[PDB]
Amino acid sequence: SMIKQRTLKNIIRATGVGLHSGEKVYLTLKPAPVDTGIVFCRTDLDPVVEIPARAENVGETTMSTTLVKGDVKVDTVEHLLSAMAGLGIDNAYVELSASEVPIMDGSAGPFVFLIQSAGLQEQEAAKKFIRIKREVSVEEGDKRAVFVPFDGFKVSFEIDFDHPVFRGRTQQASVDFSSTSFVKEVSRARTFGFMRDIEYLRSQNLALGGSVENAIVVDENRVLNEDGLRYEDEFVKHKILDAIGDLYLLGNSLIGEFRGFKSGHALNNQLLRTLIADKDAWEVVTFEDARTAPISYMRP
């Protein structure tokens, strides 16, 4: 059959705290009709404020990706969006009782598991993909983010931390999703930050919810998490996870390749804005036969 749009098969509920705000938050994911996209809804507000998870609604990009509308925000959307992108969810309502998505364990793992426990539902409309037709590159300072045409979906990233826990380690990684599992090899990679910064971050209402329970906390010369890392390259794999979530603000799955060098949320969003504006560089495609497409998805 054709590759169909997907939504949730059942309502998902989760509770947690915002990484940056520390606020308790209830998250509810609900099915949504064809061509809705992913839409966040601040249900603590009346009337609610609904913000489509789209590049045009990105306000702040300092320490997380934040959506804004009116006076209102939804902070830290990237890890949830990474899970929804990795599982191929097109349409969903994401209700939140506070201004920040819960951080869970710092990775996309818990969201992936909650979604896959609920199940996905195919819908009676073709899934639309954005295919990169021409290279699009943005740079600022020593940072670079690029889309290049590629028959599939592939994400590469390089970091360069002047820090003794990072020097001599694997700071580059490349994942081609024709051969590597998002679920197994990317989704579990946790966010990370530095003990040196915590008093300063908190003085700015950042990382107020952060701890070893939801982040890899790096001290001056060692990782503080007593149970260790999930991947030897967990840091760069988390940057790949972040990039997948930020890229999903295009609103559709990508057929193309992303390469990041010290990119973060701000440059990722600048890349999306430049791609969207360079309409010669992309097109929207659908697949009447899943067998012949360059990307394939797990059973729903």
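Start at 1 and count along the sequence shown; that's the residue number.
Novice: Tell me which stretch has the larger mean Cα B-factor in this entry, 81-89 or 175-183.
Specialist: On average, C-alpha B-factors are higher across 175-183.
Novice: Using the B-factors recorded in the PDB entry, average over the C-alpha atoms of 113-121 and of 199-207, then report which stretch comes out higher.
Specialist: Taking the mean B-factor of the alpha carbons in each, 199-207 is higher.
Novice: Whose C-alpha has the highest temperature factor in the PDB entry: 47, 256, 260, 245?
Specialist: Highest CA B-factor of the listed options: 47.
Novice: Can you tell me which of 158, 105, 100, 142 has the maximum CA B-factor listed in the PDB entry?
Specialist: Comparing C-alpha B-factors across 158, 105, 100, 142, the maximum falls on 142.
Novice: Check where residue 154 lands among this chain's C-alpha B-factors and tell me if it's the lowest, middle or highest third.
Specialist: Its C-alpha B-factor belongs to the lowest third of this chain's values.
Novice: By its CA B factor, does residue 55 count among the lowest, middle or highest third of the modelled residues in the chain?
Specialist: Its C-alpha B-factor, which the entry lists for residue 55, ranks in the middle third among residues of this chain.
Novice: Would you mind checking where the Cα B-factor of residue 17 ranks among the modelled residues of its chain, as the lowest, middle or highest third?
Specialist: Residue 17: CA B-factor falls in the middle third of its chain.
Novice: Relative to the other modelled residues in the chain, which third contains the C-alpha temperature factor of residue 72: lowest, middle or highest?
Specialist: Tercile = highest for this residue's CA B-factor.
Novice: Place residue 290 in the lowest, middle or highest third of its chain's C-alpha B-factors, as listed in the PDB entry.
Specialist: CA B-factor rank for residue 290: highest third.
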